[PDB]
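In C-alpha cells, one chain follows: the form deposited in one PDB entry.
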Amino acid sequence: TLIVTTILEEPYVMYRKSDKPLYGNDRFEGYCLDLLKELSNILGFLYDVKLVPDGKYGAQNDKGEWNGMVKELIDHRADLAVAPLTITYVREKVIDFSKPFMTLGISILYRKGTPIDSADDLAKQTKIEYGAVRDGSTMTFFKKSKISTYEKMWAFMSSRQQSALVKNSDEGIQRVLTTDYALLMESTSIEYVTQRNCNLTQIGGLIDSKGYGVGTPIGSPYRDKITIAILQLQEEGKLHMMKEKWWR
C-alpha cells in the first residue's frame, strides 16, 4: 500500500547480500528497514520501498525548488520517507516530520594523528580540503550559516564546489581515505565509520544538535501516529537495540 521513499546510506539502508535471489523490499536491510518493519507492525500497514530517484536527501535550489526525498513527499510521490533524514527548520515549511528516532550533530570525519582539532583549524587554512554531501542538510547548514567561521568554510567548499562537495557519503568517506580531505558528516554516521577504521576519527565536537525523523507530506494523518509508534519503540528499548544491532 504505502510508498516509502528512502536512500542508500550505511548502516541505515543497504542492499542485502544473499546467495539466493531477493525481490522487492527484501533487497534492502539496515537500521531504517528494521524501523519501518516495526512501524508497519505497530500501525498495521503495507509498504513498497523505493529509493529516491535522484539519490539526494533534499535541498532547495536557487529558484526555490526542492529535490531529493523532500521533493518526493511534496509531490505526493511517496507516503513516507524513512531514512536518516534530518529534521530542519527549512524542511518543516514544506513537509512534516515525526519526532526524532535518533539524535546527532554535524561534526568532522578526518584521519588520526594531525594537529586539526576543530572546524576552526580547518577554516583558518587551505591545504586540507573539506566538504559535505551535495544537497544534504549539512551542505545547507553551511550555505545558510551566518556565523563567520562556517560562513568562511561555506565560501571555501562552494568555490571548490565541484570538488569540495561529494555526491554521497560513501564518496566522501573514500575521499577522506585516499586524499588530504576532511568530511563534514553527521555524528552517528561518523560513529559507524571510525568504529570500523581505526585510522579515521571525529574532529572536535558536534557543530549543532538535531535529529532524524520520518518525513511525510504536509498534513499526513500518519505523522502523529508514527511519532506515537517511535515513542513506543523508544519506551520498550527497541531503538537502543536497533542502534546496537547495526552500529554493533
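Residue numbers here begin at 1 and follow the sequence given.
The stretch with the higher mean CA B factor, choosing between 58-66 and 203-211, is 58-66. Per-stretch averaging of Cα B factors for 154-162 and 71-79 places 154-162 on top. In the PDB entry, the Cα temperature factor peaks, among 147, 139, 109, 94, at 147.
The entry lists C-alpha B-factors for 133, 104, 123, 90, and the highest of these is at 123. Per-chain ranking of the deposited C-alpha B factor places residue 45 in the highest third. Looking at the C-alpha B-factors along this chain, the one for residue 18 belongs to the highest third. In the PDB entry, residue 11 places in the lowest third of its chain by CA B-factor. For residue 227, the recorded CA temperature factor ranks within the lowest third of the chain's modelled residues. Residue 190: CA B factor in the lowest third of modelled residues in this chain (values from the PDB entry).
There is another form of this protein, the form deposited in another entry, and it is not shown here; the text below is about that form.
Regarding the hinge between rigid parts between this form and the one not shown, the matching entry from 129, 76, 47, 104 is 104.
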